[PDB]
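Quick mapping for you: the protein sequence lines, in order, are chains C and D.
Read in the entry's author numbering, the first sequence has 141 at position 119, and its numbers run on one by one without any break.
Using the entry's author numbering, the letters of the second sequence map in sequence onto residues 35 to 397, 403 to 419.
Even for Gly, the Cβ is constructed at its ideal location relative to N, Cα and C.
Step one of this worksheet: look at the structure below.
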Amino acid sequence: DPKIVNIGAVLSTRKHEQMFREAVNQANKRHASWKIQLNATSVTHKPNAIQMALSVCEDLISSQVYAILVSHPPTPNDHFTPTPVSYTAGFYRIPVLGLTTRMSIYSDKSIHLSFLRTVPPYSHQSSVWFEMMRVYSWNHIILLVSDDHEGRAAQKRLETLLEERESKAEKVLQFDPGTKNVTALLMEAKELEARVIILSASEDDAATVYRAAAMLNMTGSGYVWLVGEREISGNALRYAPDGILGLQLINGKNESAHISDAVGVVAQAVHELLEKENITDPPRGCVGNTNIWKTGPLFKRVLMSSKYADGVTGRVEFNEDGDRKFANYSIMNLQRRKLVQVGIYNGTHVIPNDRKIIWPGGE
Amino acid sequence: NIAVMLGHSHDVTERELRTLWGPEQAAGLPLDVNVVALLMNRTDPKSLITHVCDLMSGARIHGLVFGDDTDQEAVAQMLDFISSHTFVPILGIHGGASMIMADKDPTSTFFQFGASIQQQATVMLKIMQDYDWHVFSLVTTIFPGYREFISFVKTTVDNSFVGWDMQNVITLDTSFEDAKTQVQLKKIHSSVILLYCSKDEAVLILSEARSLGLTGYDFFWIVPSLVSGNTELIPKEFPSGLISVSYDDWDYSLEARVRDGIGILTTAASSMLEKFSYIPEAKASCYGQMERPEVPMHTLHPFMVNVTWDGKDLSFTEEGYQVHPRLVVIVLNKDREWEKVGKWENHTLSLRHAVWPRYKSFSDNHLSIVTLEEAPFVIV
Numbered sequence: 023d024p025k026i027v028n029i030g031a032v033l034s035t036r037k038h039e040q041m042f043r044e045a046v047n048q049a050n051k052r053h054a055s056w057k058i059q060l061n062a063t064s065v066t067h068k069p070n071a072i073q074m075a076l077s078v079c080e081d082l083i084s085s086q087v088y089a090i091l092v093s094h095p096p097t098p099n100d101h102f103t104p105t106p107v108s109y110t111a112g113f114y115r116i117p118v119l120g121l122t123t124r125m126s127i128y129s130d131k132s133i134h135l136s137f138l139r140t141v142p143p144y145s146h147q148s149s150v151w152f153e154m155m156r157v158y159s160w161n162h163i164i165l166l167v168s169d170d171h172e173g174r175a176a177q178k179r180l181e182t183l184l185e186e187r188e189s190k191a192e193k194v195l196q197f198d199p200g201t202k203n204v205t206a207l208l209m210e211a212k213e214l215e216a217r218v219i220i221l222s223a224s225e226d227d228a229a230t231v232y233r234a235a236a237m238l239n240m241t242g243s244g245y246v247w248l249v250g251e252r253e254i255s256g257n258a259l260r261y262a263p264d265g266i267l268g269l270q271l272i273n274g275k276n277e278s279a280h281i282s283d284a285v286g287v288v289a290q291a292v293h294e295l296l297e298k299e300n301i302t303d304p305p306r307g308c309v310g311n312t313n314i315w316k317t318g319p320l321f322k323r324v325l326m327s328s329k330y331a332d333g334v335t336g337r338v339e340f341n342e343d344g345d346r347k348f349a350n351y352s353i354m355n356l357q358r359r360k361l362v363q364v365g366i367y368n369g370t371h372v373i374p375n376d377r378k379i380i381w382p383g384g385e
Numbered sequence: 035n036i037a038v039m040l041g042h043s044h045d046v047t048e049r050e051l052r053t054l055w056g057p058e059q060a061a062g063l064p065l066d067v068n069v070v071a072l073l074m075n076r077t078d079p080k081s082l083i084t085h086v087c088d089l090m091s092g093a094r095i096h097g098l099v100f101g102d103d104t105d106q107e108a109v110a111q112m113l114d115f116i117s118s119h120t121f122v123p124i125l126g127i128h129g130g131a132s133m134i135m136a137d138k139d140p141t142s143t144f145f146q147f148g149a150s151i152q153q154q155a156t157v158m159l160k161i162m163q164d165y166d167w168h169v170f171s172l173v174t175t176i177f178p179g180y181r182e183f184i185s186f187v188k189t190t191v192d193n194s195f196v197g198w199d200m201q202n203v204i205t206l207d208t209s210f211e212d213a214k215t216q217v218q219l220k221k222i223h224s225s226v227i228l229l230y231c232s233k234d235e236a237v238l239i240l241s242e243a244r245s246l247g248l249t250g251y252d253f254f255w256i257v258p259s260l261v262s263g264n265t266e267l268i269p270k271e272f273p274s275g276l277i278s279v280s281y282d283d284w285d286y287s288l289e290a291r292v293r294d295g296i297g298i299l300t301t302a303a304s305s306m307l308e309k310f311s312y313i314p315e316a317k318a319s320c321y322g323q324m325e326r327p328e329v330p331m332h333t334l335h336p337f338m339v340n341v342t343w344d345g346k347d348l349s350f351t352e353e354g355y356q357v358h359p360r361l362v363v364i365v366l367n368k369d370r371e372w373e374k375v376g377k378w379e380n381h382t383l384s385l386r387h388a389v390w391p392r393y394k395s396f397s403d404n405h406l407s408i409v410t411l412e413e414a415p416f417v418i419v
């Protein structure tokens, strides 16, 4: 006879909730149905944070879940989507999955000790920076950073990669986030021996840096640019010199494929795990219990090593830190607006297209 | 104002006796404030949220000096979240709200007074060089903070002229059954071993290492906190003589910690009134949030970072680092207990042992030459 398990958690909108339900029903028809059923629940987002924490604790209590999906809401530019949920599920050892939450704070494991995600964060963008510059004959590098967390992570990853090849950068000129004057920093950067400015800012800061560099006569005639995924979308695209290489992720704004891949991998892991010793049901209540269950870390360990092959996004596999390995970025280059695709990177696998590359200036 | 929550899970030494005096003392910062207290029980997220929200109905211009007793790690994080989306500065004292978390959101205000891992490493390097050992290895395992631990250790080693011998960095991360662990254990040959693991990982590593013989009469282990708990709950397989450092609890009692917290809050209020002449409140509502954007009126952030009390100064900085923590160094006793040698009070260690007692590890030519100064033969 079947045993009921209740994976399923917060989504964005009602249409997404119905899509999640149909996806889990699809995941039931394949393989087992006479031992395990795994019906799913849902609940939508709310503006107030404490209300969301109370709602997610209700969700934990009333169903005794085994995992949690935490896809981001439709109101952007908050980065708040998974944090409150995570903390609650961090109290116990029930893993949660992220869907579109590309940020670098969650990559830590001393502060979000029960978090997974099927998207790669920005440090891998630094890695592709290094791979392209290494095979492009450009080994100088002069990188700019905003004094925050994500900038520090990106710079640490880039320098760590650069150490193995035994090279060195030129400057780590960093600027205060959300500031208004950056003229002095650009002026200081002008008189050096570098031409490969690399910046990883956040939207409006990148826009104001674009404006300042435009005024200071830095665009064109050498001094080629590079920019991260978020540095060319939004208002930043308005203020931009020709020749940027605004690297960006392919099939990342979509969420249908991600819901499919997540339910597939979770179901596979559960069917792999219920062949074990005595497993305890997860805690419920939220008011009468205060202990973590024993089979939490074992479940996370099982989930970590899992190779869902036949998916919509390829061989999804999990790097040991909890991120997603082997993504596919599209190196969109700009020329007379309307960013035009120029190549494809797939992990030590950078391959250009047959199109034409123009640099700042036009030479 | 200023409310304190407790409930005496273990130490029932409280009742109304805790709610005694406080800001009155001899402090010259009087206003419409009280010393309201509260008792509670074991903490769960729903109960904790509800209790703090209920206290927010009266704690208009107040704060909380909450303390815990358990070892659940998420307690500090939940406290951080509450402090974030309530604008009420709070502190942590005992146990659960005592392990310092690495990073905090800028739009938050709370400062637990534990001690940073880097501070522990600095004190440990100080004591190691004081005994002039220098050569050492850095066997460890995979665990959060291990990478920054290693990098900080290396950078601190390189940025001085005393000449540490750096070698034998071991970072085994492949379980404990293959040949890599065996060869890594066999390769080390020094007498000073520095480990860093997580509780049962450290005990399993030591149980493997004792069978190799690295646990003789001339070896040291200086494990950083980690395997210390909050009592004398050392595992039975911990042989003896394990050097460690930890936060002090016997030269510092909670009855004084609460007094220090009350004084810090009152001094911060006095500074705010001396610089802003008005302290508003934030007692709108706990529930029904997401109804107002940021409002930087009387943020405590600039009014605490350089605050002393009754001469004694314990001002914090950025994160929960208190600049002057009362770290204490302990050793494992013969009767499976923790000793108390030296106290990190000033930048000097002020140790008690002139020479090392040569603790028996498990259950030879150094002598005493005596001479006095005389003539151009011995010079003082």
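- Counting of Cβ neighbours within 10 angstroms places C:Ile266 among the buried residues, the total reaching 16 or more.
- In the DSSP assignment, the residues bridged to D:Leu366 are D:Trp372.
- When only Cα atoms are considered, D:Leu307 and C:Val287 end up about 58 Å apart.
- Using a Cβ distance threshold of 7 Å, D:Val67 and D:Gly56 do not count as a contacting pair.
- Counting only residues of its own chain and dropping the five nearest sequence neighbours on each side, D:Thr342 has a CB closer than 8 Å to the CB of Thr301, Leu348 and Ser349.
- With a contact defined as Cβ atoms closer than 8 Å, C:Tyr114 and C:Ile254 miss out at about 40 Å.
- C:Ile281 counts as buried, since no fewer than 16 other beta carbons sit within 10 angstroms of its beta carbon.
- Cβ proximity to chain C below 9 Å picks out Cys320, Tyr321, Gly322, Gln323, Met324 and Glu325 from the region 319-341 of chain D.
- Contact check between the region 308-320 of chain D and the region 191-198 of chain D: fewer than three CB pairs, one atom from each, fall below 8 Å, which does not count as touching.
- Fewer than three Cβ pairs drawn from the region 81-96 of chain C and the region 102-120 of chain D lie within less than 8 Å of each other, which leaves the two stretches out of contact.
- Annotation: C:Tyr158 to D:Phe183 spans about 35 Å, alpha carbon to alpha carbon.
- Annotated as proximal: D:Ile124 and D:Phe144, with beta-carbon spacing under 7 Å.
- The bridge partners DSSP lists for D:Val279 are D:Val363.
- The criterion of a C-beta distance shorter than 7 Å is satisfied by D:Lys377 and D:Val362.
- Between the region 333-343 of chain C and the region 294-301 of chain C there are fewer than three inter-stretch CB-CB distances shorter than 8 Å, so the stretches are not counted as touching.
- In this structure, DSSP gives C:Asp264 a state outside helix and strand, which the three-state scheme calls coil.
- Cβ proximity to chain D below 8 Å picks out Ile127, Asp130, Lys131, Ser132, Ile133 and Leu135 from the region 114-136 of chain C.
- Residue contact with chain C for D:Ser132: absent (no Cβ-Cβ distance below 7 Å to any residue of chain C).
- When the alpha-carbon of C:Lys178 is set against those of C:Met354, C:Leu361, C:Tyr144 and C:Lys329, the nearest one is in C:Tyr144.
- Taking C-alpha positions only, D:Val86 is separated from D:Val329 by approximately 21 Å.
- For the region 83-98 of chain C, the residues whose beta carbon sits under 9 Å from a beta carbon of chain D are, in order, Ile83.
- By the neighbour-count definition (other C-beta atoms within 10 Å, threshold 16), C:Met155 is a buried residue.
- DSSP lists D:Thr342 as the bridge partner or partners of D:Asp347.
- Among the residues facing chain D, C:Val309 is included, as its CB has a counterpart in that chain under 7 Å away.
- Within chain C, the C-beta atoms nearer than 7 Å to that of D:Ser81 come from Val309, in chain order.
- Rounded to the nearest angstrom, the Cβ distance from D:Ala136 to C:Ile133 is 6 Å, consistent with a contact under 8 Å.
- Interface with chain D (7 Å Cβ-Cβ cutoff): C:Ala71 is included.
- Straight through space, the alpha carbons of D:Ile95 and C:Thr63 are spaced by roughly 41 Å.
- Residue pairing from DSSP leaves D:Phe195 without any beta-bridge partner.
- Listed along chain C are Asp130, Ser132 and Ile133, each with a C-beta nearer than 8 Å to that of D:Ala136.
- The C-beta of C:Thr312 comes closer than 7 Å to at least one C-beta of chain D.
- For C:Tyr232, the enclosing alpha helix (DSSP H) begins and ends at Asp226 to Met237.
- No Cβ of chain C is located within less than 7 Å of the beta carbon of D:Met306.
- At least one beta carbon of chain C lies nearer than 7 Å to the beta carbon of D:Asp78.
- In this structure, D:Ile151 and D:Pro258 form a Cβ contact; the two beta carbons are roughly 7 Å apart against a cut-off of 8 Å.
- Contacts with chain D at 7 Å (Cβ-Cβ) include C:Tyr109.
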